[PDB]
Structures are given as C-alpha cells and as structure tokens.
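Protein chains in written order, with the authors' numbering: chain i, 32 to 128; chain 9, 15 to 106, 113 to 137; chain d, 50 to 91, 117 to 199, 207 to 252, 255 to 294; chain R, 10 to 50; chain 2, 50 to 92; chain Y, 63 to 238; chain U, 2 to 112, 126 to 153; chain c, 31 to 56; chain V, 15 to 158, 169 to 216.
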Amino acid sequence: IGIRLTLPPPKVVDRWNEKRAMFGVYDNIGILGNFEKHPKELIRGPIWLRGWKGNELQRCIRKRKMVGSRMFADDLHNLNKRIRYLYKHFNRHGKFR
Amino acid sequence: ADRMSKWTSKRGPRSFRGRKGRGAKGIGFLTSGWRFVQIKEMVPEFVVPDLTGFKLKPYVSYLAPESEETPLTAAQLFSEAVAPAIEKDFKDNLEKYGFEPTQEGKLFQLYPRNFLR
Amino acid sequence: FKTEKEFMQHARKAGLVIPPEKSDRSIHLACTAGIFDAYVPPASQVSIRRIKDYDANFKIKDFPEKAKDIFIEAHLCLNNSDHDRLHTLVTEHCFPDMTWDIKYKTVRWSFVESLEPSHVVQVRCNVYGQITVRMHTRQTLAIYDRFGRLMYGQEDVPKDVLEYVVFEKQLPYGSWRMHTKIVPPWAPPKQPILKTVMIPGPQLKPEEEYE
Amino acid sequence: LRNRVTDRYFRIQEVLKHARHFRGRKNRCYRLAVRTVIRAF
Amino acid sequence: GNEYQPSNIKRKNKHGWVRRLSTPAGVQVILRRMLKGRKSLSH
Amino acid sequence: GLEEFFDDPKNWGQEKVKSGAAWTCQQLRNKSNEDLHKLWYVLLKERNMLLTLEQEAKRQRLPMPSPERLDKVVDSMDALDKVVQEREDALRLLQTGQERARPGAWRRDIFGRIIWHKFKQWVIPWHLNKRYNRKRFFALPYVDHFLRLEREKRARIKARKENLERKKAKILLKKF
Amino acid sequence: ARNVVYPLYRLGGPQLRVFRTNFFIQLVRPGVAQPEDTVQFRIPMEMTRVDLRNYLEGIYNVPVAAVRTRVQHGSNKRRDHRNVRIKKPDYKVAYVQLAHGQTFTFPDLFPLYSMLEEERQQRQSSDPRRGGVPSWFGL
Amino acid sequence: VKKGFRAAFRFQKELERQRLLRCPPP
Amino acid sequence: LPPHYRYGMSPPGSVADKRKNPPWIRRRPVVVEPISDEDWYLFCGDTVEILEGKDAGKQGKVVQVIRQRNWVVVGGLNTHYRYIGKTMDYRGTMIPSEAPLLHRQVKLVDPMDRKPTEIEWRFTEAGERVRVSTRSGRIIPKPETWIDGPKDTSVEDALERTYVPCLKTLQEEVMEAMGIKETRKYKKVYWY
RNA sequence: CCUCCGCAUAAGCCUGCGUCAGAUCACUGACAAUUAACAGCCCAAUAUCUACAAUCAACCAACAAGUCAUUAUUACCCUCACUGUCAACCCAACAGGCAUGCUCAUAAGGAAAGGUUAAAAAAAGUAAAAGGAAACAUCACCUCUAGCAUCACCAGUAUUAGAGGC
RNA sequence: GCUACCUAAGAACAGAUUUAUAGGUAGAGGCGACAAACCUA
RNA sequence: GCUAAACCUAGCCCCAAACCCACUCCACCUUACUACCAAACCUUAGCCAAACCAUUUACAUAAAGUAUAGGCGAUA
Ligand SMILES: [Mg+2]
Ligand SMILES: [Mg+2]
Ligand SMILES: [Mg+2]
Ligand SMILES: [Mg+2]
Ligand SMILES: [Mg+2]
Ligand SMILES: [Mg+2]
Ligand SMILES: [Mg+2]
Ligand SMILES: [Mg+2]
Ligand SMILES: [Mg+2]
Ligand SMILES: [Mg+2]
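See the structure below:
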C-alpha cells in the first residue's frame, strides 16, 4: 500500500552539537567589527551565485558570464539551452500582459 | 545481423574463411600450383637438453628455509659481475671488460631481441 | 537422497562435483557419540585417577544428587519447556535425545522422592569422562500434545522409575552434562498410550505378490 | 520533492468509511466510493 | 516479406571498419560511438 | 615414452599427492642457467601431468586428487619465468639500456588518443612499405570536440568516485 | 611458441631455436571409439602440427607419424545473470598418430565422520507401538 | 517511500486498534 | 567476487557460499568499521575474553579471522546448538556451532595478568611493530614436519649458488652448453 | 496412407532434440564432438605474340558479330603448413521465398485422426430428377540541334550522337 | 546486401526473360516501358 | 489466506578544491582485435518576434539597460 509497516529508524539527532553550535557565530561581521569586511563575503558557497540573487533566468545568466569557460561541453550546451529557453520564457506567454 | 561474438574462424564464405586463422605463427610460403613450401629454416625449433642426472626435482621440499626477495637490480648485478675485472684492470678501453659497441654480430642480441621467450 | 554415498553417486550422475575448499576451521564439539564404557547392570578407579589429573577436586557421592537435581532440571526443562537451561545443562548428544521428539507437545512431568537411592557406577574418559547413577525415584509424567490431549502417562500418582542415567564431563571450563540413559534388556515394559496404532503390512503394489 | 504526498491510506480510509454498506465493486475503491457516497450524503 | 537477405562479404563491406574509417566523417562516427562507450565499435 | 603423459601410477587412488611448496624465487635465483632449463622442462612435464589429470577428472566427473598441485607448479614455473625475465632485463639494461624490451614509441592514432605503438620486424623499408604507409596515423583538427568530451567523461567518473568515497567516509564517521 | 613475436627470418637465416617453450599440452582419453595407432590432445591455441611432433619428440621422444587439426568452436548458448551471449572456451584439438606399431591406451586414472557413523546406524528408530511418544522419558 | 516520521505513527496507532479488535484481551 | 558482495563466516569461495550469497544477488552491504592497517589486533589462536554477551568473562581462542567482515571467531563460546545431517529420516546430530564476534565486542587477554587487556601495536628495539600492553609491560606475540616426496628437491640441492654471473645470454650460455653451432646471423631489417 | 520432393554443395547462422542427471501434449547444468587428397590461402623480372567463335563443328545457315593460348632472356633448389568440415539450421506471418548438381517417385523421407458424438449457420468436395441462364514503351516514318576527340557520349564521325511527335 | 537502373564476371531454356556473387548511382538526390511509381511496415 | 505489500542503501546530485586518462607478453587502420615485398582548412544556416509577410533578430559592483541602431516597425 502507501504507508510504512513499522516505526521508522529512530531519529537520533542531537540538536545541540558543535557543527551547529556556532551557527552564525562571528556572522554580524560588518558593523560589529569596525567595517573591515561585510557579511557579503562571509558565505562559503559557489562563486556562480555568492550573493547576487536574481531570477532563474538571471541565475543562469550570472552562471554563464562568471564561469562558462570552465565547464565541460555538456554543461556549456546545457546552460546555453536553458538560457535560450528562459530568454524566450520572460517576454512571450504568461498571465500578465 | 549478429555482431557481439569474436572474429574467430567461422564467419562467412569460403575464402572469407580462408584468409584469417587462429593464433599460429606462419611457417611457410605459397608458391605455384597453390603449393606451400615450408622451409626448415623458418620452422619452430624446440631443442630441450637431456634431463638425466639433474638433482633439482620439480617441487622443492618444505623443510628448506625462507629467504629475502632479492630482485636482480641492474646496478647490483653489474657491480657483482664487473667488480673483479675492473678491480684488476684499474690496478693494471672497456673491450677487456666486454662492453658491446653494437650487438649486430651476436646470435642473441638485445635491442631488438632475437631470442625466444 | 538416502545417505552421503547416494548423494555423491547421484551427484556424479548429475555431474555436480563438490569442490574441496581448504578450511582450517572445524567443529570444536564437546560431546561423544556414545560412551567410553557402558556398565551393564544386573575396578574402574583407573578412570577416576585419570579424571583427577585434570579436575583434582571431585567427591563422587556428592556428585550424584546435584546431578540428579540437574536431572530434575531436565524435568524442569520439560516443565518449563525451556530449551535455554537445557542447552546450558546437558550434552549436544543429549539435546536431540531430549527435545526433537519432546517439542511440539506439552509435558508437565516431575520427579519425587527416591524409591531407591541413586548409586554411582560409571567412570570413563579430546577428553570427556562419563559417570552414571542408578536411580529409582518417583515420576509424574503425562503426554499432552497439539490436540491438548494428555495421552501417555498417569495423571497424578507417581510411579517408581529405575534407570542408569549417565552424565559426562569434558576436558576446559565446563562440568558434568547429561550423556545418555542406560536401560538394561531386563528392564520392565513401558506403559504406552491408550491410542491404538496400526502397524501397516508389507505394502504390495498391484504388480507383485503377497506372501 | 522536498516533501512528497505521504498521507494517503489515512486519507482514503477517511473517505470510504462513511459508505461501507454498499453493494458491488464499489465496496472497495476510492473513485466509486466518492461518487456514490457524495450522492448519498 | 523477406527483405533482409544479408551476406557476410557485403556485410563486412558496407558495415566494416576499413570502409567506416576511410573518410574522416566515419572517424568521427567511431569517436561518437567511443564517447557513447558501446562495445560493437564497428561492424 | 608416453608413460609420462599420465602421472605416477602408484599414487593413483590415494586421494592426495604429497607435493611440496613452490620454489622460492630468490632461492631459485641461485641456480645456473642450464639448471634453469632443467627446471623449466621438469615444470613442463609436471604441468602437463596436472592438465591431463584435471581434464580426466572432468571426464570421470569426480574430485581432484591434488588440486593445489597444478596451480603450485604453475606458480613455480611463473617464478622461474620471472627470474628469466629478470636476467634478460639485466642483460638489456647492461648491454644497451633501452627501457621497453621491444623497440617502439609513443604516438597518436586515428582515434585521436595518445598511445604507445609497437614497431614490427618487417623486411621492406618505411620509404616503400606498402602496408605501413597505409596506416593513417595522422589527425587533423576534426578530433577536438570528441577529445575534450573524453576528458569530460574521465572527469565525470573522477568526481563521481571522489564524491562516493568521501560521502561513504561521512556515513562511516557517523557510525562512530 | 605462444604469446611472443618470433624473430624475423630471411632467405638463409639461422635456425631459430627455443629455450623454454611455454606451449604446454594436454592429451586426453578419446571420446568416441578410435583406432589404436593414434593419440590425440587438446593442444593450446598456438603451435603447429610439426611443432606438436617436435614437442613430443622433446618431452618423450615419441615416433610421431601423422598430425591432425580440428577447430572445435566453443558453444554460445548459455547465459549469465545479465542475460548476455557468453561464448565458451573455444578449443583447437590435434592428434598425433604414432609410428612403429605403438598403441597407448588411456590410463584408467581415478579407479568427525565416525561420530555420525555412531549416530545414523544407531538411530534406534521409533516403534510402531510407541506412536509418537518421546523416548527420552523411560516410564 | 515517504521520508517521514509521523504518518507511520498514525498507521501504527490504527493497526494497534485493529490488533485490539482482532481478539480482545481477557 | 561481485561489487559489495557480502562475505561471511563460510569459505571465501565455497559452493555453500553460492547457496548463501549467489552471484545473481546485489544485496544490502554491511557497514564496515575501518581500523588502522597495522592494527588488526587479533591473532589466530590467541586467548582473549568476550566482554559482552552470554558466557562473557570466560577465556576463548580466536581461530578464524575474516578481515573483510572484521569479526573474530573466538572458539570456546558464543555458539548456537543446531542439528546437522538434516536428511529425510535420519535423526540428525546436534552440534554447538559458533558464530563470529566483533573486534570491539571482545578484548584481548593479558598474557601475564590474566586480564582483558587493550594493547598498542608499538615499536621496540628488536621488533619494529609489536602489540604492547598498557596495564602491564608485556608484549603479546603471535603463536603457532615435511617428509620429502618423489618430486621434492632437497635443501642440500637448494643450497647451490650455481648462478655464476656471466655477460652472456641464457640462450647464449645454453647454446654454449648445447653445442648448437651457429652459422648464419640475422639480417638487419627496419622498424616500419 | 502421403512425398513437385528428397540428397548434397553454395550461401547464411553459429553447436542449436549428441551423452549423464534435474524438472520445466506429457527446458537447464556438466561432459564429449568436425582428425583431409575436396575448397581456399598463391604465383621470381623485363620485353614480346595473341583476326580465323560456339552451337555433337564436318555441311548448310547466319547475326545480336564472339565467354578462355604464350613466347624470348635472367635468377631460383627446400618440401606437406595453416584454416572449412557437425546439426532437426536461413529470411517472415504470430500466407511464402532459397542459387546450383543428381534421383522424376523413388533405395531417401514423412503422419493431416487428443477422445467421443453426429445438431443447425459456415467452408470444401461428391450426388441429384425434371427443366436447363427462366494510358506508357515501341519498330516504321517525320522534325530539330551538333563539323567533332583522351573519365561518360565515344575509344564514335551526320546512313553519326541527342531531343520531340504518331 | 530488398527492390529500380547500370558495370564486372557466371547460369538455365529461346526473350524488352529470370537469377548465384561483387561493385556503382544519396534526398536540394538517384532511378523511372512516366505508374506524378520505387529507394527497407 | 494468496497474490501481495512495506523496509536502506546501493550510489547518483550539486558545489568546494585540484589540471587528469593512457606500456602483464601480444595483436590491432586488409573483412579493425591477423608476424612479412616496390591525402587539410573553403563566412553555419534557418526559423522565431513583426499578433499575416520581406529589411532586423541570440545560438565581481557601478555609469547602464543611458550614449548606438531600428519595413524609425520589434527590440538589440
Ligand atoms: Mg583440419
Ligand atoms: Mg589437395
Ligand atoms: Mg555437413
Ligand atoms: Mg518411405
Ligand atoms: Mg496430426
Ligand atoms: Mg474428427
Ligand atoms: Mg437442370
Ligand atoms: Mg441435365
Ligand atoms: Mg545491391
Ligand atoms: Mg509574425
């Protein structure tokens, strides 16, 4: 059917462990540190999208203009494909016109 | 309409069977009348020595001890072979030591190799 | 299949060569298929001397009753229907000899005070000695089964039971465990169940003839 | 998903248990159940 | 209908490796199968 | 003498052939070259005995009397071959020093990949070799997209294995 | 002489001898009835018929007279759990008919338990008059 | 194969009620 | 064997293993806890003690060690009692067959203190790697013949250093012995 | 009682009703097979002859105008290697085809009736009185273009080559 | 590689015949006794 | 009651970093998986959107989506 059969694995999760303990510690970095470095650098994440959060089409546009010459050919053709798709997607057919 | 098998003997027509063969080495030549002449020159020649009186049996007894795996290092073997000749000669032109300019005249040359297995 | 030889012959006919795998691990069994010497009931101090070399602390007369208590535990092993202390109590040669017919049935048997006291008779000897006690106690047994019908064994009145129950002690860290139970050819007949069971004749097929 | 539709047998048993006195194949399955039970209420 | 009346000589002709490698587009075909990673890289 | 094509008739039916261990390589390395030839021939005879016995065992559909003996003789013969190869390699290193025993090279083939081709001993010369000149060992620019694609597949397998290993490690540390 | 390139030979080269020929051999019992004066073998995939004569003359000095070659293709109707065509080991077989009236027959090769032996024969089987009652109890 | 920890508990409660209705205890 | 093929206490290639873990299965793997490569702290036959389970505290001996499942077979305890010879009508025979135990589930025994001792595979002047106890200053070593056959070569024969190093080939030395008088040499061809 | 088939080689497939055991109108695993004179696999240079069909080939009788030959000179010695050989076989519908050599029903090969009953409607066959139907190509011809050569036309020359009409 | 048309080089008995085998003509095409037909359901 | 259900965990996901792949012996461009005689570059095209169709049209942050250009009609 569509249910489980027994009670599932017991969710051993310590909500108070170290790798979550400092979650945002030293993360008011800018005005609480005499303006040396903004929070706009403290994020450890991909350089395609580290803090210019536009739309989906914008997301891909930034991915291209940042790292396109660093992809295998499948990713380049893929990013080009969806970029063409989205450029057609924005201004063609929708609810508000 | 089948392809995944190997290309061994049985594939198609007569001559299509005729050319290829399994893993032999050729022995002769094809001359007139579709007659093959195979020379004793190009044939395999397996001349083993006489086995009588060699005391080394095919298996080795387990009562013997073990040793260390001493690979035949080229510098080590070269030193062990050339040490006495060089020691006497320096106490006394590598042709006396047997250095080979070319192996063009030897039966068993090395580069290319003409020996077998 | 009939035995190992029949399986091997039908294996050769089936072509299934059982490949010999070389393994150092074996079975460290601690039971004996039989006993070293069975004392036939109606000079054996060499076995006692050989046993004292390993244990060095053994009183024969006090060895019986606790073993009888262990034998009583065997009755408890049926009365509690608890194979746990059974496997913790007796030999593996006795576990099939005490359970494979005993299972899938109800037994509420018990022992009571001896008609005749048990006497130690046997002594024996990869080392496992065997000591037997001849006991005539009171028994209260009943064969209840899947139907729940208590079928073989009187209801409440105990009966005199004499037999040469032989336990065995191997030589590691264990102690005496129940080996077997000697019954002489001069033993009295048993009381069977009240059910009548047919012994089928030699079943002739439609082709042959009946003698 | 980041969340799939997990409460089905509870939902269907909430559906069919107010019409379990019918006849025919509609004693069982959710589509027949909804149609007849809706009519009945 | 019995259209597929194949023959081994013509098979290794029209589907072999030498002919499939004679013009560089076929070399590209070989490479396309290779990055596709099949087994029957030719016929 | 065909009598050696079967094993010793005395040991037949004994369910096991009491044979020693294989000759140690360095221990075998102390024997003469003529002795090496003797050892190789004795190994050939025993190995033939092994092959005939095993095939007959299949023909009789029964177990093997000395199953480890065949592979042991094979292993000892392989060790003797290793010693022979070591001596021939010492000869090739001393006398000329070329690395791969056959003369050959690294080049590129019509599939565009980098490989090492082997030259073959053949009579006629490379300025007239009617077959070797047919060997199209040239690649024009039409191999680019496929070559980089091959790089892409290699990288995909690489990142796949790395992710699998490190995530398996993370689950492993979670188990402690 | 398998698994190696033999040396190139010209019109008048030296006799290309061997040192330790790797081409092992296996001669089995005949399967169908055969004449007496020939013994066959499952030679490996490489050597020639005259090579078989030479290898026999080296190993045992047999009087080789006739030599025979037949290429038994391995079968290809047997599948694995992935359901693929997996051809068997194909084999080329050979036969040397030996001379001087010798005729070699196939050798007729290949011509804890006691505890179970004290158990299986010592079953002490259930009596019909017992009727399923357990015999561990003696009463 | 719903990754979740509650609807299981709901179905377990229903099945336990079913077990109680299967044969009521003494 | 197969990728992530589950090994067991039976032989690593057994037919009974193929009736246990056949090649056609892709089963669920077990989580193997990785110990250090020089730190397989069990030796075949050594006395140890099970710190857990029924009959814990006794002394046993680990005989079988399949490092793949990373479990220890300490015979003497930790056994089930199962019938063997399950034939059509044969009564069978009950045997106490013993299963594995985990490396963290048992502790090695101190050879002098007679206690469950966790030891470190440390270094010594005589021995580069050896298990060394912390509760006591003792090193635990690993604990523990051939009649010559008709095809068995003796050690006396095996003591001959007959490989006198020459500058000639093995084929060359043999032909020097064999007397194969060489008339022609090879002709020089190219490398096409 | 059937056999306008059958037996072979050819092609083409790939061990596919051989043997010992399992149980899946009542296939699976292991073991064994096909030992060449037939057929392929070839042919040491440079030049030089090679009009006189075949049809039983002697006549007649032709047109569509012929499907097969060395020789000269130089150089050259050593012999039996390798690979196909099986089979109830191949392409398709879920009616059919298969090139070639022999036997024109035969020496080889094969079985349309699972068992019964004897309905109609249908299908096939037998029997029935009395009557006996109640356009494209093309030969021929015409027209038009083209005065000529080394990859077609053509190795040709306006009685030629190509294109339209009836 | 079926079929359409052609080449090479064979076969059967009476041509505008069929066919064993290789080879050639690729779609913006070829082929076409032109059926506005074919060239892999 | 049977068929059935259900179960984790294989490994995939994206990123971070980092430049990687190519010789057991062998054989492998002829009919690829057989030991052997006398030749390469020459502009991508096209729709779509113009509510049909034609010129036109893509295959770090900030100035700035302003200056340039549009059957001056769509936008880039
Ligand atoms: Mg042959
Ligand atoms: Mg011939
Ligand atoms: Mg045949
Ligand atoms: Mg007949
Ligand atoms: Mg029939
Ligand atoms: Mg009928
Ligand atoms: Mg009429
Ligand atoms: Mg009439
Ligand atoms: Mg064609
Ligand atoms: Mg428009």
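Yeah, the Cβ is synthetic: ideal placement off N, Cα and C, and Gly gets one too.
Classified as buried, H167 (chain d) has 16 or more neighbouring CB atoms from the shown chains inside 10 Å of its CB.
Using a CB distance cut-off of 8 Å, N110 (chain Y) counts as an interface residue toward chain U.
Contact with chain c is absent for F50 (chain R), since none of that chain's Cβ atoms lies less than 8 Å from the residue's Cβ. Taking a Cβ-Cβ cut-off of 7 Å, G82 (chain i) has no neighbours in chain R, whose nearest Cβ is about 23 Å from it. Taking the C-beta atoms as reference points, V74 (chain 9) is found no nearer than 8 Å to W184 (chain Y). Within the region 146–217 of chain Y, the runs of beta strand (DSSP E) that reach at least 3 residues and sit entirely inside it are, in chain order, 166–170 and 176–180. The three-state reading of DSSP puts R32 (chain R) in coil, since its state is none of H, G, I, E or B. Taking 7 Å as the cut-off, the C-beta of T39 (chain U) does not count as close to any heavy atom of ligand 1.
Counting of Cβ neighbours within 10 angstroms places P16 (chain V) among the exposed residues, the total staying below 16.
Within chain c, the residues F35 have their CB atoms less than 8 Å from the CB of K42 (chain i), given in chain order. For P127 (chain Y), no Cβ of chain d is located within less than 8 Å of the residue's own Cβ. One Cα belongs to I109 (chain V), the other to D158 (chain d), and the distance between them is close to 15 Å. Taking 8 Å as the upper bound for CB-CB distance, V186 (chain d) and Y245 (chain d) are not in contact here, some 19 Å apart. Using a Cβ-Cβ cut-off of 8 Å, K34 (chain V) does not count as an interface residue toward chain d, since no Cβ of chain d sits closer than that to its own.
Proximity of the region 208–218 of chain Y to the region 74–83 of chain 2 meets the contact definition, three or more beta-carbon pairs being nearer than 8 Å. Contact check for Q251 (chain d) against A79 (chain d) passes: the beta carbons are separated by less than 8 Å. Not a single CB atom of chain Y sits nearer than 8 Å to the CB of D58 (chain i). Under the three-state reduction of DSSP output, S184 (chain d) falls in the strand class. By the criterion of at least three beta-carbon pairs nearer than 8 Å, the region 220–235 of chain Y is not in contact with the region 60–68 of chain 2. Relative to ligand 1, even the nearest heavy atom lies 7 Å or more away from the CB of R31 (chain 9). Between ligand 1 and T70 (chain U), a heavy atom-to-CB distance of less than 7 Å is present. Contact of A82 (chain d) with chain U is assigned, a C-beta pair being separated by under 8 Å. Annotated three-state conformation of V65 (chain U) is strand, per DSSP.
Excluding the 5 residues flanking it on each side, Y118 (chain i) has same chain C-beta neighbours closer than 8 Å at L88, in chain order. Any Cβ of chain i closer than 8 Å to the Cβ of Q42 (chain c) would place that residue at the interface, and such an atom is present.
According to the DSSP assignment, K80 (chain Y) belongs to no beta strand (DSSP E), since it is labelled neither H nor E. It is roughly 11 Å from the alpha-carbon of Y97 (chain V) to the alpha-carbon of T173 (chain d). Contact note: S149 (chain U) reaches chain d through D175, using a C-beta cutoff of 8 Å and chain order. Using beta-carbon distances, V185 (chain Y) counts as an interface residue toward chain V, with a partner under 8 Å. Not one beta carbon of chain U lies nearer than 8 Å to the beta carbon of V29 (chain V). Any Cβ of chain 9 closer than 8 Å to the Cβ of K88 (chain 2) would place that residue at the interface, and such an atom is present.
For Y39 (chain R), the closest Cβ of chain i is not nearer than 8 Å.
Taken through DSSP and simplified to helix, strand or coil, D156 (chain d) comes out as coil.
Between the region 62–77 of chain 9 and the region 84–103 of chain U, the count of C-beta pairs closer than 8 Å stays below three; the two stretches do not touch.
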